[PDB]
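Undergrad: Here's a sequence, model it:
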Amino acid sequence: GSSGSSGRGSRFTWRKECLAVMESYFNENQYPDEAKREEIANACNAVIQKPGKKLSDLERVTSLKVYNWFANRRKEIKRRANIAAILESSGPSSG
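TA: Numbers count the residues shown, from 1 in each chain. The coordinates are given below.
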């Protein structure tokens, strides 16, 4: 990745456009219902969907993809609030 302990992207990528929409829904609801996930996911695909161009699975944002990103944030925020780890650990993570 570029920044953040988060990465290991599985043959996928998160565009700034799709990231802005995901953050919006997360602000209103941490856990977007099934229908909510599709609503937000669809918007992400549109913001990226270009005229005369074809969308690829690499940019395609499905309901499952949205949940994966949301879960990463919830766990990332909750993990920082708990930090139930004392043992030694070598991580590049910053801040």
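
Undergrad: residues contacting the nearest residue to residue 13 once chain neighbours are set aside?
TA: Of all residues not flanking residue 13 in the chain, residue 58 sits nearest, at 6.2 Å (C-beta to C-beta, 6 or more residues apart in numbering). In this view, the C-beta of every residue, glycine as well, is placed from N, C-alpha and C. Residue 58 sits next to 11-13 when contact means C-beta atoms under 8 Å, 6 or more residues apart in numbering.

Undergrad: show me what contacts the residue nearest the centre of the chain?
TA: Per C-alpha atoms, centre = their mean, the C-alpha nearest to the average position across the chain is that of residue 69, at 2.6 Å. Neighbouring residues of residue 69 by C-beta under 8 Å, 6+ apart: 14, 22.

Undergrad: Which strand or helix spans it?
TA: helix 63-82 (DSSP states H and E).

Undergrad: Report the distance from that helix to the chain centre.
TA: From the chain centre to the centre of helix 63-82 is a distance of 8 Å (C-alpha atoms, centre = their mean, to the nearest Å).

Undergrad: May I see the buried residues of that helix?
TA: Buried residues in helix 63-82, counted by 16 or more other C-beta atoms under 10 Å: 63, 65-66, 69-70.

Undergrad: how far away is the residue nearest to the centre of the chain from residue 90?
TA: Here residue 69 is placed at a distance of 26 Å from residue 90 (C-beta to C-beta, to the nearest Å).

Undergrad: same deal with residue 72?
TA: For residue 72, the distance to residue 90 - C-beta to C-beta - is 21 Å.

Undergrad: now residue 40
TA: As for residue 40, its distance to residue 90 is 36 Å (criterion: C-beta to C-beta).
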